[PDB]
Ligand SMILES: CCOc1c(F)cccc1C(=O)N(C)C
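Okay, so here's just one chain, in structure tokens, the form deposited without the named molecule.
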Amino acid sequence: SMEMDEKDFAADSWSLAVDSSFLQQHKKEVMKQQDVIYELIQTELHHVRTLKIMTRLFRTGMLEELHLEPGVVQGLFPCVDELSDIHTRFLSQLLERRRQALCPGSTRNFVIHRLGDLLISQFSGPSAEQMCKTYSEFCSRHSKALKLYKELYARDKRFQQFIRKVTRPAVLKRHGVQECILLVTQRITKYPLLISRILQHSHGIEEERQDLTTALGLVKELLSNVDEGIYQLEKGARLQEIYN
């Protein structure tokens, strides 16, 4: 993550991030809406940062320090470049929506009134198709990635030393290889929960209530499609096990 965005999302809520005198000017229903919108962005910042730990800290560090057989790193980190491109684009759109909404002379006071359109764009057409195919691939290679990590940590002394070294910092306590992989699998199932609670406080403007309702339906169509496309890959599976 970058310092600017981390400070912007360091507070425990939107009501705590904006200046106290700016919060006082808004209705409770708006404060409650902005709180869930702020949580959606704050957790999307964290999601993108989890994918940067996988690509830049784990994946790249392994390639440059270790001498692993080609294809082992890809098996440890399936689709991480594609996931990083999908989510980094989404995060850029959300942070710009917040930036546009800032009061002049302020870097922290804002109200996002339109979100539904952005969620409909992200979860419809080509972008949604790419996301459906990427998460079906990732979750089908999830178990294999974990079996592969465990195999390497228990057999290679050098790989063990690399892990202990890069995971030692306190800021990496929740972010080891296995944790990063479950964090990524669990992200997609967080979107309907956040969007539903944003929708619960977005009835003031009918176009918005309708856009958030369409977005909720699109995220569930996608989740149902990823769940249907999943088929766990086994590390060293035999053809006979696959066709029976």
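Definition used throughout: the rigid core is the maximal C-alpha set that superposes within 1.5 Å between two forms. A residue's number is simply how far along the shown sequence it sits, counting from 1.
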Between 61 to 69 and 26 to 34, larger RMS Cα displacement in 9 other deposited structures of this protein after core fit:
61 to 69
Note: with structures superposed on the core, the stretch whose C-alphas sit farther off in 9 other deposited structures of this protein, 85 to 93 or 70 to 78, is 70 to 78
Is the mean CA B factor in the deposited entry higher across 169 to 177 or across 152 to 160?
152 to 160
Higher average CA B factor in the deposited record is what I'm after, so tell me if that's 198 to 206 or 48 to 56.
198 to 206
For 193, 40, 183, 63, the deposited C-alpha B-factor is largest at 63
What third of its chain, lowest, middle or highest, does the C-alpha temperature factor of residue 16 fall into?
middle
Split into thirds by Cα B-factor across the chain's modelled residues, where does residue 119 land: lowest, middle or highest?
middle
Here the Cα B-factor of residue 187, set against its chain, lands in the third termed lowest
Within-chain third of residue 127 by Cα B-factor, per the entry:
highest
Lowest, middle or highest third: where is residue 74 by C-alpha B factor in its chain?
highest
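One more form of this protein, deposited with the named molecule bound, exists but is not displayed; see below.
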Quick one: of 89, 99, 157, 164, which gets a non-hydrogen atom within 4.5 angstroms of the named molecule in the entry with it bound?
89
For residue 130, is any heavy atom within 4.5 Å of the named molecule in the entry with it bound, or not?
yes
Close approach of residue 117 to the named molecule in the entry with it bound, 4.5 Å, heavy atom:
no
Using the partner position in the entry with it bound, report whether residue 126 sits within 4.5 Å of the named molecule, counting heavy atoms only.
yes
Going by the named molecule in the entry with it bound, which residues of 133 to 156 come within 4.5 Å of it through any heavy atom?
none
